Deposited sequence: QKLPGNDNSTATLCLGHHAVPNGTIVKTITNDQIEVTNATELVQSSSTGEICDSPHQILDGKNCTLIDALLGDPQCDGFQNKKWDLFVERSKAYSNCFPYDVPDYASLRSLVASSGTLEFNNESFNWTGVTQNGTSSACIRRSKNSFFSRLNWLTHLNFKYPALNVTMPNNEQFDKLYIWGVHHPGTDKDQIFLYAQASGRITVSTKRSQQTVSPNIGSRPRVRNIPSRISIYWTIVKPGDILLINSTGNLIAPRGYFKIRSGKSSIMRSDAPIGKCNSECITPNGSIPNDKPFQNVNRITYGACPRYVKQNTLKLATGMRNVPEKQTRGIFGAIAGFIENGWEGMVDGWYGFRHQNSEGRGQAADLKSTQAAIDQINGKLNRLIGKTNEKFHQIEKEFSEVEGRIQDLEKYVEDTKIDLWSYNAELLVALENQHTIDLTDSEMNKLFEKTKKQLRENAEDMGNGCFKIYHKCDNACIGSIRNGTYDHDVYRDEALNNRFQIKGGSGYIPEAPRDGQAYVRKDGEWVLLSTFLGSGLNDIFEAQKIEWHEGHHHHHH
């Protein structure tokens, strides 16, 4: 006729996604991305990190060098994987402050061991046990030297070794606690006092405790594992009258990106930075709900099973009408656009610049959230198999506090960002609407349903000029004014 209808609107999808916001908990959007990694590959990836498979060994067993760990001598790792099927198959032993030695070795990142010419004069070296079978013969820990009497004599040892290198030396040693007095006399030829291992900086004094223990692998005795770190310029001094499980040398202490993880997952052929006890995970998402123990460039752990970030706007599912009444399910070329009813027929076109502006802002948001990872290697233990008390309670409290704070941050971030995304895309729809209103000047009226009523004959070329920003309102001003106001 003499008028045309130009409706502005946006696309819609048949099946949207439900996201959370500040105003609402369940708002439907056209599209959303998962920000919580809730699955793993089931396998640990061996690249870029050097992964040392513990097999039947724990890290401490590999440190001491019991027979099943012979293949772990002088090895390095980025992450040591300890299996729950791992077991000791050697002399029974314990480590006072086990967790500290395990953390120290895990953070050292190597079992590189240099033998030293210790002056073990007057004692018999290389003691053996039936509990440690190396190659069908009795043996002992490969990195320890079980000293016993020589010719029924064990003289008081005072053996020193300067640290003349530029690095710290880690010495692993222990105390043998025999089952009975007959074993103390049989092995050391005398009752024992104390063993003192010292440096200039510090000293450790320990005592044997002769007495029966419940048998593990048919041995009623125990070895207690102790360690010392010797700084450059410092001197190790071992003062012992018996019951000394001597070092054969030193381990290297290194600073680095190494740690230890407990996992039953197989190790595959891969390239994945983030390792969890359930296997490696992608680190594209900013958060994860796989596990709380992590290694490498990992997402933050949260308790939410899902957090969906709106990478799109509110769906608003289902004459012509604009964005105020409904979204358009028939629009697939873009996010925002125009639909019109003209004397030449009905039609539709996408507005690609507003679509790209909204997409660019969403891409900015994703670039701020996606791809930014938390690269962490050595942390505290987060699952415990024994109840010790105050220290474990504090470690659990710290981890629970961290998880509650990061879960709060993730929930607030997702709700604020989703509210921002809806306000952003409604804002972009409004910028296109005000731009069209300003371009049309007095030649059209807002009908209140997201559409403009154009009061002049506006053909397809006219509509196209409006869509791409080249509409000249002066050409049609008299016709539209004469039609709006009955001159």
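Mapping the modelled residues onto the deposited sequence reveals missing stretches at 1-7, 326-333, 503-557.
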